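# Generate coordinates for the sequence data below:
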Amino acid sequence: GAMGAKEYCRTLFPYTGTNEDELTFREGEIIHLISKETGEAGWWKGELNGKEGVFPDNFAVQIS
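Numbers count the residues shown, from 1 in each chain. Sharing the structure here:
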């Protein structure tokens with residue numbers, strides 16, 4: 001969130017989750033941002049297909 005109630009990010013590269021808690025996606029998909037601060041710098045938490053997980057936000061671009 002940070003400066004709003006809704007956060008959307010578009011993926012530009014494919015990311016495969018190494019851990020069961022890690023998120024997985026391909027390039028070209030809108031992801032919902034839940035928390036920009038998960039307790040680790042550079043890690044973002046989002047939801048995709050009812051699943052929540054952390055991951056380096058470099059595989060997606062935030063509209064704002």
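# Contacts only, for residue 33.
Counting by CB atoms under 8 Å, 6 or more residues apart in numbering, residue 33 makes contact with 1, 7, 8, 9, 44, 45, 46, 62. C-beta here means a position set from N, CA and C on the backbone, and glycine is covered the same way.
# all strands of the protein, in order?
Counting by DSSP state E, the chain has strands at residues 8-11, 30-35, 43-48, 51-56, 60-62.
# between the contacts of residue 33, which has the most around it?
For these, the largest neighbour count, defined by other CB atoms under 10 Å, is 24 neighbours, found at residue 44.
# Kindly provide the distance from that one to residue 31.
Using CB to CB, to the nearest Å, we find residue 44 at a distance of 9 Å from residue 31.
# and what of residue 55?
Counting by CB to CB, the separation of residue 55 from residue 31 is 9 Å.
# which of the strands of the chain is buried the deepest?
Among the strands of the chain, the stretch with the highest mean neighbour count (mean count of other CB atoms under 10 Å) is strand 43-48, at a mean of 18.
# In space, what's closest to the residue nearest the centre of the chain - neighbours in sequence excluded?
Centroid-nearest residue in the chain, with CA atoms, centre = their mean: residue 46, separated by 4.3 Å. Closest residue in space to residue 46, ignoring its immediate chain neighbours: residue 31 at 4.6 Å, by CB to CB, 6 or more residues apart in numbering.
# tell me the contacts of that neighbour?
Residues in contact with residue 31, defined by CB under 8 Å, 6+ apart, are 8, 9, 10, 11, 23, 25, 46, 47, 48, 60.
# Kindly recompute the last result at 6 Å.
Each residue near residue 31 by CB atoms under 6 Å, 6 or more residues apart in numbering is listed here: 9, 46, 48, 60.
# hey, what's it bridged with?
With DSSP bridges as the criterion, residue 31 is bridged to residue 9.
# what's near enough to touch residue 41?
Residue 41 sits next to no residue when contact means CB under 6 Å, 6+ apart.
# Much appreciated, bye for now.
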